[PDB]
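Novice: Structure, please.
(one chain, ligands or ions: 3)
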Amino acid sequence: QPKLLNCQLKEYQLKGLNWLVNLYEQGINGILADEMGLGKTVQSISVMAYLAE
Ligand SMILES: Nc1ncnc2c1ncn2[C@@H]1O[C@H](COP(=O)(O)OP(=O)(O)O)[C@@H](O)[C@H]1O
Ligand code: ALF
Ligand SMILES: [Mg+2]
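Specialist: Numbers count the residues shown, from 1 in each chain. Ligands and ions are numbered 1, 2, ... in the order given. Now the structure:
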């Protein structure tokens, strides 16, 4: 995970970042459709922080 976050991703989010990164580096787009309140707003920040770090 990007150390830039000053935060910890949960298990179900860290694998979710890997999905986000894999689609990005393979040049394709996707839907993060997780159930409400699971933290989709957080996984969103984590992929930007990866593109930064
Ligand atoms: N890894 C995490 N560490 C701390 N708080 C988290 C984490 N993931 C989610 N949250 C908390 O979950 C709450 C709701 O998540 P949010 O992403 O807004 O739901 P939604 O997926 O509807 O956007 C937020 O206040 C956020 O602080
Ligand atoms: F349940 Al949400 F943004 F997906 F509040
Ligand atoms: Mg949201």
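Novice: And residue 16, how far from residue 35?
Specialist: 12 Å (C-beta to C-beta, to the nearest Å). Backbone N, C-alpha and C define where each C-beta goes, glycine included.
Novice: What parts of this protein come near ligand 2?
Specialist: 36-37, 40-41 (C-beta under 6 Å from any ligand atom).
Novice: again, only using 8 Å
Specialist: Taking C-beta under 8 Å from any ligand atom as the contact definition, the chain meets ligand 2 at 34-37, 40-41.
Novice: Can you say which of those residues are buried?
Specialist: Burial by neighbour count, judged by 16 or more other C-beta atoms under 10 Å, picks out nothing from the residues of the chain next to ligand 2.
Novice: Looking at those residues, which is nearest ligand 2?
Specialist: Nearest to ligand 2 among the residues of the chain next to ligand 2, counting by C-beta to the nearest ligand atom, is residue 36 at 3.0 Å.
Novice: And what about that closest one, helix, strand or coil?
Specialist: Under DSSP: H, G, I helix; E, B strand; the rest coil, residue 36 falls in the coil class.
Novice: Take stretch 30-48, keep the C-alpha atoms, and write them as PDB.
Specialist: The C-alpha trace of stretch 30-48 is given here as PDB (Å, rounded to 0.1, in the frame of the first residue of the first chain):
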ATOM      1  CA  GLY A  30     -14.000  -0.800 -14.100                       C
ATOM      2  CA  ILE A  31     -16.800  -0.400 -11.600                       C
ATOM      3  CA  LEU A  32     -16.100  -0.700  -7.800                       C
ATOM      4  CA  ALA A  33     -19.600  -1.800  -6.800                       C
ATOM      5  CA  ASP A  34     -19.100  -2.700  -3.100                       C
ATOM      6  CA  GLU A  35     -22.100  -2.500  -0.700                       C
ATOM      7  CA  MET A  36     -22.800   0.800   1.000                       C
ATOM      8  CA  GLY A  37     -20.600   1.800   3.900                       C
ATOM      9  CA  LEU A  38     -17.800  -0.700   3.100                       C
ATOM     10  CA  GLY A  39     -15.400   2.100   2.100                       C
ATOM     11  CA  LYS A  40     -15.600   2.700  -1.600                       C
ATOM     12  CA  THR A  41     -14.700   6.400  -1.000                       C
ATOM     13  CA  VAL A  42     -11.500   5.000   0.700                       C
ATOM     14  CA  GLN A  43     -10.400   2.600  -2.100                       C
ATOM     15  CA  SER A  44     -10.800   5.500  -4.500                       C
ATOM     16  CA  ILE A  45      -8.200   7.600  -2.600                       C
ATOM     17  CA  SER A  46      -5.800   4.600  -2.400                       C
ATOM     18  CA  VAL A  47      -5.500   4.200  -6.200                       C
ATOM     19  CA  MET A  48      -4.700   7.900  -6.500                       C
END
